[PDB]
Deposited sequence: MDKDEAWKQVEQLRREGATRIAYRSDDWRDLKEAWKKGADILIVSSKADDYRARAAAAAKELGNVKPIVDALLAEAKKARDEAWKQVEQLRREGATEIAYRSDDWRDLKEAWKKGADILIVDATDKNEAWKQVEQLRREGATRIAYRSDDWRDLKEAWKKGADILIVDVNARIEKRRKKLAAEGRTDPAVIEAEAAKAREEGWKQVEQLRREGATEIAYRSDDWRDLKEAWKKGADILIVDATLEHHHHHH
């Protein structure tokens, strides 16, 4: 939980890591990691999930109106809460707020609320690349993209994305001793993505994990941002 994840930020700062990231939904939890040494504070909301599930519910048979409104109402409350966390962290002194979403207009509003790093996390590659281009034309400077393939991050790099997040903790969770063996096979993959991105010349490479030794090793391979993710 909290005190177990905060120990990861303290260790990276202990070992001389100058770019540490932390992901949470509570601004108080993010502020504490900010004092532990994390410079990028990532706010995440369940709003994309509620929108995805409201969209799936609309394609079912029968009366869908009361259920769709209930899901979209929760999405509004989830995003209006995340925007509050961005303001509160800005109110506290946090300089590098990040926000992840699959809707670029939610990213644009978070950018006006105080977020500096915009994380596009659209599953469709051509849908994400369009969201980058749309954010670029609005004047957004720091666009981040998340993928488990380095070639997707290089293509996103050439579209305007400055931060390239290597995330492989989504395929291991889907495939699932033994369970720890498959986790290691994914970490060996994620470390290779960072290596080739450094070879290709990627300037700002990030890496998602929850263990400081995994972020340390990805830091050895060439990761510039060590993201600590509690969820």
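Query raised in the report: Deposited sequence versus model: which ranges have no CA atoms?
Result: Missing C-alpha atoms (numbering from 1) occur across the ranges 1, 178 to 188, 244 to 251.
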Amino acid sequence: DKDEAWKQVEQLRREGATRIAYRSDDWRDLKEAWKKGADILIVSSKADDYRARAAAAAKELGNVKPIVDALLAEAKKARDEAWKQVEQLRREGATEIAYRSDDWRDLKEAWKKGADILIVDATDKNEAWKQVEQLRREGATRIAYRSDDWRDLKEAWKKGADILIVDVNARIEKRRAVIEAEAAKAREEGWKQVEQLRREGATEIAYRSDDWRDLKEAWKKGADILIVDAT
From here on, numbers count along this sequence of modelled residues.
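Query - Of 87 to 95 and 69 to 77, the stretch whose C-alpha atoms average the higher B-factor in the entry - result: The stretch with the larger average C-alpha B-factor is 87 to 95.
Query raised in the report: Can you tell me which stretch has the higher mean Cα B-factor, 121 to 129 or 156 to 164?
Result: Taking the mean B-factor of the alpha carbons in each, 121 to 129 is higher.
Report task. From the list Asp39, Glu200, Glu32, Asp48, select the residue with the highest C-alpha B factor recorded in the entry. Result -> Among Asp39, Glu200, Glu32, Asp48, the highest C-alpha B-factor in the entry belongs to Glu200.
**Report entry** Assigned third (lowest, middle, highest) for the C-alpha B factor of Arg13
**Finding:** For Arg13, whose C-alpha B-factor we compare with every modelled residue in the chain, the answer is the lowest third.
**Report entry** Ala184 CA temperature factor, ranked by third within the chain
**Finding:** Within its chain, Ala184 is a highest-third residue by C-alpha B-factor, going by the deposited values.
**Report entry** Entry-reported Cα temperature factor of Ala206, expressed as the chain third it lands in
**Finding:** Lowest third.
Query raised in the report: Ranked by Cα temperature factor within the chain, is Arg213 in the lowest third, the middle third or the highest third?
Result: Highest third, going by the recorded CA B-factors of the chain.
Query raised in the report: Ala177's Cα B-factor: lowest, middle or highest third of the chain?
Result: Within its chain, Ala177 is a highest-third residue by C-alpha B-factor, going by the deposited values.
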